[PDB]
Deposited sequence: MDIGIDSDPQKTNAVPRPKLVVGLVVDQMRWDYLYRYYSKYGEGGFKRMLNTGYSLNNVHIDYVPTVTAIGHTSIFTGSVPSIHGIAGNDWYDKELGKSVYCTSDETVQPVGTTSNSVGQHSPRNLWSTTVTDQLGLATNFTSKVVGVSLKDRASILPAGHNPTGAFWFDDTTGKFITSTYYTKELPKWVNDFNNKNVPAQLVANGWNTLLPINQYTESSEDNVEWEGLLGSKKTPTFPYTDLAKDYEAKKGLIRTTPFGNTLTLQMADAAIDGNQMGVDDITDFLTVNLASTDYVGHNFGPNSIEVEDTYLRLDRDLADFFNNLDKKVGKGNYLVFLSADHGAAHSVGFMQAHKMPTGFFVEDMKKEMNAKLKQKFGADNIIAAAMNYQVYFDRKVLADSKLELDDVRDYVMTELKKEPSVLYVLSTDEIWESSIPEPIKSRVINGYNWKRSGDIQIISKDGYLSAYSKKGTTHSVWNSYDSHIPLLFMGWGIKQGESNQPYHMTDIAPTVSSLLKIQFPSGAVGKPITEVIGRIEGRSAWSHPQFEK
């Protein structure tokens, strides 16, 4: 007379995975990774992110809350907090201590900026907190936010030591199974032989040439080309280097396997929840771009690691006893230099300094703009009051100046989003992404293909356009029929779907709805 439930559900989010990575490299994947999810599970091929900006902290938050920044409070990886008078990192919390490391900047993090509950929170509430909930990622934000407010543990990678650590928000000390894993020095083992392509490099016909102008550098090498023979020496000097290799994903999945065993995840009938973010596809993509040989090799190597991961699930939990959903927190644009080489619309988006000089000339006061980030601009309320300036005047001028920019498609006040002459889906995505306390006073929408000038190599992601917002969404295992769909869905539909499969209450700020055709 019990509610039918899987023994374990695994939430995998491949960082920066554009949907078309599934098919650009389709002919090179094996049978047990992405193709196992496609061939035995359900693929939603028309899922878009229903907010902006399409960055990491929000993506992981919205996947697991079914909510939007306007409600759940995570308005980006960073945001300007006008009451604190400074920019704020999404997970930074100076009321906790590092656990397993002495670095405060690496370990002082918590989910305290998250206002809405997660599906992992709701599982704990539905099982009287007998459920094992563990988050794993190289990035603090991508481990903490999916895990929720009261998980068994949330672990992330310490660049200063090469170990997985946590904070006193979770436990006073690292569990034995984490110390055991760290002491193996898996990172050293992985980078020992450098980085060569898994296949013969001549076969990477889905990619550009190896040496192109728009690709960044890795480690000590001064050309963006294989082979990366000095990886082991470079990793030793900077252990954060492993983030920008396929071995960062391999490390993460071995850590996730250690979490399954260290917490007995999936052995009894009480549903456990493992969340793991694969961050290296984002680091590699940021440095080399979606058309690089580097990125293609990262996905061929991730594909094999996922096959090993699913095979370990079959032995430790049992096929049919676990539920997997795979998605991404966002896509990515093509590199500006790549698009220019092929005549596609593209370009680059120092606004705070430049506009403040103009605002200075126009109104006579300096530092009128407090911050410019996430395609928004914040005005310094302290400067406006002391200078006797109106927010609307100062805002109207900046918007008029921004309309002149060749990269600007729309500019609008965040007080007047609904009435603006902007089509859907852009208008509602701007609404969903606008958090009253933590978002700026002006919203900017860039033309297609334009990227930030923060780095003129590699690529980035933040915009509404389909290349950033079109994410894969694959379900596999317990309670999932095989199939695929081109019906439109939202990222905020993921958590409601898992909630319905588990017969648990939806998260507290959820705005999405279950994907009914998946539940079979």
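* Stretches with no C-alpha atoms in the model, relative to the deposited sequence starting at 1 -> Unobserved in coordinates, per deposited numbering: 1-12, 362-363, 535-549.
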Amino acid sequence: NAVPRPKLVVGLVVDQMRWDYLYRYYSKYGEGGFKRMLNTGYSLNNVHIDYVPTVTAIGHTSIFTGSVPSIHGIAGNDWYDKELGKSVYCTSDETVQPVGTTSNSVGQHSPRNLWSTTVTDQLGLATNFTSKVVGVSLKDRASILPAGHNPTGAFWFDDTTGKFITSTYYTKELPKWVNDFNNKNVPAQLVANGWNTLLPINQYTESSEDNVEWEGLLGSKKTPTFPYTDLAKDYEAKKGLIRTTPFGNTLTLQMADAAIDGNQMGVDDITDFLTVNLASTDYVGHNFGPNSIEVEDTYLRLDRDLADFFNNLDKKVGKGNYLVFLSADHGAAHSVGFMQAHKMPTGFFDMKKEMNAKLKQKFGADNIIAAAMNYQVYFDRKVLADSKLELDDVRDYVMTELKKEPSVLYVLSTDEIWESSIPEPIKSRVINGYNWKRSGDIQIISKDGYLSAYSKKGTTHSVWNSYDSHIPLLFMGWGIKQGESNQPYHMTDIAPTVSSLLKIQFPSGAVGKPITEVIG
From here on, numbers count along this sequence of modelled residues.
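* Asked: Taking the recorded C-alpha temperature factors, which stretch has the higher mean, 284-292 or 446-454?
  -> Mean B over CA atoms: larger for 446-454.
* Asked: Looking at the entry, does 45-53 or 32-40 show the higher mean C-alpha B-factor?
  -> Of 32-40 and 45-53, the stretch with the higher C-alpha B-factor average is 32-40.
* Asked: Out of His334, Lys403, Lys86, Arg395, which one has a C-alpha B factor higher than all the others in the entry?
  -> Highest C-alpha B-factor among the listed residues goes to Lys403.
* Per the coordinate record, which of the options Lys238, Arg301, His330, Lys139 holds the highest CA temperature factor? -> Going by the entry's C-alpha B-factors, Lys238 comes out highest.
* Taking the values exactly as deposited, rank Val430 by C-alpha B-factor within its chain and report the matching third: lowest, middle or highest. => Lowest third of the chain for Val430's C-alpha B-factor.
* Within-chain third of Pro187 by Cα B-factor, per the entry -> For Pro187, whose C-alpha B-factor we compare with every modelled residue in the chain, the answer is the middle third.
* To do: Just say lowest, middle or highest third for the CA B-factor of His461 relative to the other modelled residues in its chain.
  => It belongs to the middle third of the chain when residues are ordered by C-alpha B-factor.
* Within-chain third of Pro345 by Cα B-factor, per the entry -> Answer is middle: the recorded C-alpha B-factor places it there.
* Asked: Comparing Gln482 with the other modelled residues of its chain, is its CA B-factor in the lowest, middle or highest third?
  -> Top third by C-alpha B-factor.
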